[PDB]
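S.K.: Mind looking over this structure? Questions follow.
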Amino acid sequence: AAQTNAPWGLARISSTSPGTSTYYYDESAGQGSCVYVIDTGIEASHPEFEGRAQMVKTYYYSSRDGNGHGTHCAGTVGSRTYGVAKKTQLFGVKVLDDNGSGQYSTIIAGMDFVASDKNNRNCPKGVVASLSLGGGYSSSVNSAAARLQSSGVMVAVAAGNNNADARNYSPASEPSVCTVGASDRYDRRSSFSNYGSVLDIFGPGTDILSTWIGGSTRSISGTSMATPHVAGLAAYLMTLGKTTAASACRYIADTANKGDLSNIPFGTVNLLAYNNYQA
């Protein structure tokens, strides 16, 4: 399938080259998979989600996304226009308040929530969790991420926006999950992107168009935007049968565009997420 005048990032992870604007992907489009978006919520009513988004948990007075961030990430995962995996099922877990902040205890609870809740969902093609959040190093946060992964969920987490080594942030620094840095439309490392040996992969993160609350759209930047590209890609590839929740990060690294990014510090992977789709 081909989506013309796609957002650049969608075009990028189906291309061996930057600078194109059509997204190509297998029409299965992640159908039968599920991706949890652990964030500020999701505006499920957005036309862009087509009935495939739902809130399943909140820790606050509402499960509505009063921020927009979680809605944007969800859109990159699976919205009809802005999403990688255009037929996945999207589940919102609001660990972050409408100001975009959250206690680590709450985030940890959300992670263990997802590890259990998947057993209450129909996801025959597999389960992904996307975590466009983080703060300073916490072993208990990492451990929760590792449990969720261990439980059979493909965990994708943002590297962070400090232009520093991701080793000092959680859950970025958890080795067993898939830590995602950010790149721009010219295949440069995003200016803010964290780096380091604990990065697994890069995805598009600068000037990423997606859904926003109030039925809207906007372009923003962050490793928060890169993470759901990889989360969606995982779900898409699991639906294709190509990989599993346990092996998808590795598979994505294996099949990445290699050596194409600039300003990747020595010791950091030079791998850009790529669906290897050939129509």
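In order, the residues displayed for chain A correspond to 106-384 in Swiss-Prot numbering, which applies throughout.
This entry, so its header tells us, was determined using X-ray crystallography, 1.8 Å.
In case you wondered, yes, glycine gets a Cβ from its N, Cα and C as well.
Feature annotation from Swiss-Prot assigns Ca(2+) 2 binding site to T121, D365. Marked as disulfide bond by Swiss-Prot: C139-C228, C283-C354. Taken from Swiss-Prot, the feature active site, charge relay system covers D144, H174, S329, and the record attributes it to sequence analysis. As annotated by Swiss-Prot, Ca(2+) 1 binding site applies to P280, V282, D305.
Have a look at these and tell me how they're positioned relative to everything else.
M.R.: Using a 10 Å radius centred on the Cβ of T121 (Ca(2+) 2 binding site) and all shown protein chains, the other Cβ atoms total 11.
Reduced to three states, the DSSP call for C139 (disulfide bond) is strand. If you draw a 10 Å sphere around the CB of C139 (disulfide bond), it holds 26 other CB atoms from the protein chains shown.
Annotation note: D144 (active site, charge relay system) sits in a strand segment as assigned by DSSP. Counting only residues at least six positions away in the same chain, the Cβ atoms of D170, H174, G175, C178, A179, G197, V198, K199, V200, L201, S235, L236, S237, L238 sit under 8 Å from the Cβ of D144 (active site, charge relay system).
Secondary structure from DSSP puts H174 (active site, charge relay system) in a helix. Within 10 Å of the C-beta of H174 (active site, charge relay system) there are 23 other C-beta atoms, taking all protein chains into account.
The Cβ of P280 (Ca(2+) 1 binding site) lies under 8 Å from the Cβ of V303, each of which sits 6+ residues away along the same chain.
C283 (disulfide bond): 27 other CB atoms within 10 A of its CB, across all protein chains.
According to DSSP, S329 (active site, charge relay system) sits within a helical segment. Summarising the environment of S329 (active site, charge relay system), the number of other Cβ atoms within 10 Å of its Cβ, over all protein chains shown, is 28.
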S.K.: Taking the Cα atoms as reference points, how far is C228 (disulfide bond) from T121 (Ca(2+) 2 binding site) in Å?
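M.R.: That comes out at 30 Å between the alpha carbons.
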S.K.: Looking only at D305, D365, the binding-site residues on record, which one has the least crowded Cβ, with the fewest other Cβ atoms within 10 Å?
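M.R.: Ranked by other Cβ atoms within 10 Å, the binding-site residues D305, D365 bottom out at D365.
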S.K.: What are the other residues, in sequence order, whose C-beta lies within 8 angstroms of the center of the C-beta atoms of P280, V282, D305 at the Ca(2+) 1 site?
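M.R.: These residues sit around the Ca(2+) 1 site: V262, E279, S281, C283, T284, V303, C354.
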S.K.: Please give me the CB contact count at 10 A for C354 (disulfide bond), counting all chains in the structure.
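M.R.: Within a 10 Å radius of the Cβ of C354 (disulfide bond) lie 23 other Cβ atoms.
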S.K.: Which whole-number value in Å describes the distance between the Cα atoms of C354 (disulfide bond) and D365 (Ca(2+) 2 binding site)?
M.R.: 19
S.K.: Within 10 Å of the Cβ of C228 (disulfide bond), how many other Cβ atoms are there?
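M.R.: The answer is 22 other Cβ atoms.
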